[PDB]
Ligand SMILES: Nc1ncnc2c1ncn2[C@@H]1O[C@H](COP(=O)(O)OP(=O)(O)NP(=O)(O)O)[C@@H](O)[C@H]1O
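Starting off, we have a lone chain in the form deposited without the ligand, written out as structure tokens.
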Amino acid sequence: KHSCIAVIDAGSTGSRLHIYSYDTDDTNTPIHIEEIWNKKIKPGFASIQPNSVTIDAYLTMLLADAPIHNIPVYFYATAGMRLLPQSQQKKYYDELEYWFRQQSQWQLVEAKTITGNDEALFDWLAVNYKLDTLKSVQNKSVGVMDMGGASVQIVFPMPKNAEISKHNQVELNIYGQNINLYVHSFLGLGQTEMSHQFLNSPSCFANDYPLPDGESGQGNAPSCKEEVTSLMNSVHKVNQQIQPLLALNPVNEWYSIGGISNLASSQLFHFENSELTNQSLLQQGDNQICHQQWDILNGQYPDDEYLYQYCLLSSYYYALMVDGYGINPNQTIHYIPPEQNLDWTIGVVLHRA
């Protein structure tokens, strides 16, 4: 009845296969995109031994039960593979290429580690497809932030600029309209990776939270924020790279995908309309977690295994958006509810199907 395409997201913690059906409109653009099958496997591809037996077992577990036959597949690895040496990446792709050559059910189009800039493009397309803002010329500038586990991405409209790296600019035409986007990714600034630098920082944890080194949490969101900002601006140069461009290319609406919704959904936070402001986020984290006695808090919410990190995470999100990107603390940030199942792989269908 329809066209179909498979996209494998080979992420840091696991790989997820998505199979989509779609139609194509008179602009040569996919419409009515629907996920018809999903499969997730652990652990991350970049964590398994890159030999034939291990790769065969892994790809077989991921793909064997798919209800499809003879479908194009894109295998796109993200930050987890980007953190591996390149010579090491090649071992995986040589095995994977051979595996797909031995079978007929899957027509491998591309298998590669995509850049964070590529990921940012797909993030923007996925979100804008969900918001139904692609089929018409908008006039409002929509920006997307992905708060990932290992990298973070930011993407917003910006006219082509010869003084900016080609790698941070994308041109595409969707539903008949030319789009120019600025894209950027910060590898290592994702919440899981960055957190590994802050675990013994007492300003980043609830009072009396037991830090790995034996010291006690003594939370203070502004202090935690300042420490996170140093990583962002001195190592990653976030503000120096992003803030001037955003100044000159103002975004009217911001949407975030990734980890914010998990935090914003906690019973300790109060956000409405699936949105927040950074000012409110930092205040709530500071009051409810950073300056809160840990044993009491944990006793009241014993099932929430991520709550202990919420002083750090609220501080970190503020550091990234306000001190890094230069977003006003009172600007509304929409976040995509986790129940919505919005996935960046939709952007692959839009761009490449």
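Sequential numbering from 1, following the sequence displayed.
Just so it is clear, the following notes concern the form solved in complex with the ligand, a form of the same protein that is not shown.
Checking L263, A206, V127, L282 against the ligand in the bound PDB entry, a heavy atom within 4.5 Å turns up for just one residue: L263. Between the options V238, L276, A150, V183, the residue in contact with the ligand in the bound PDB entry by a heavy atom within 4.5 angstroms is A150. Although the partner is absent here, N330 is not a contact residue: none of its heavy atoms lies within 4.5 angstroms of the ligand in the bound PDB entry.
In the bound PDB entry, the ligand lies farther than 4.5 Å from every heavy atom of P72. Contact check for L313: a heavy atom falls within 4.5 Å of the ligand in the bound PDB entry. Proximity of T113 to the ligand in the bound PDB entry falls outside the 4.5 Å heavy atom cutoff. For the ligand in the bound PDB entry, the listed stretch (246-254, 208-216, 167-175, 77-85) containing residues with heavy atoms inside 4.5 Å is 77-85. Along 185-200, residues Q191, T192 each place a heavy atom within 4.5 Å of the ligand in the bound PDB entry.
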